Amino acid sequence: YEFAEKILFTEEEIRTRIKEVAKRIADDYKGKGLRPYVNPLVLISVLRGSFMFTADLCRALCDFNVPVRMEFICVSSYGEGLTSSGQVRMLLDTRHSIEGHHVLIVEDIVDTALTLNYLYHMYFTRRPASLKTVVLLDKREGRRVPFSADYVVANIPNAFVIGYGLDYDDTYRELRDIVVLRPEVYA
């Protein structure tokens, strides 16, 4: 791992926390009567980074018997200095309607929050029975617009992290652990 300045979390620590987050979620929804086919917890996994987080979480949720529905969405930048408001081009949206459904947006990391806030406001207008967010890493200090995630696996300083789905120039997504990219490397 000589491209990393430090180890933030190992696969094990990540695993543990996810299970804790999943258990909290399960309790929080114990009342909503979530049932397969008719009333599942919809996970709108925001591609690409979220793919790894989403895979381990839906399984943790399953441990706690939470019936889920995976929706993968792919967004795209309109270009630098074109929106500011975090507007993104929807390349692939949910296959099913979220209207009347309990929805949970899944992101691997919230930093400036521009996109996540835009998405939250977007799905919010589609009238789901409820709408919350789960994010693996939260850079609380990086906000460019105010935004609070309902569930967070870990808060992190403003370091550039990689691994567990997170990349730098499309590299390192496959790492089992979350680490900090060495400044020597990204230079």
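Numbers follow the displayed sequence, beginning with 1.
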item: Residue stretch of maximal mean CA temperature factor, 147 to 155 vs 122 to 130; value: 122 to 130
item: Higher-scoring stretch by recorded Cα B factor average, 25 to 33 or 137 to 145; value: 25 to 33
item: CA B-factor placement of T94, once the chain's modelled residues are sorted into thirds; value: middle
item: CA B-factor ranking of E71, expressed as a third of its chain; value: lowest
item: Lowest, middle or highest third - CA B-factor, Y168; value: highest
item: Record-listed C-alpha B factor of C58: chain third; value: lowest
item: B-factor third for the C-alpha atom of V42 within its chain; value: middle
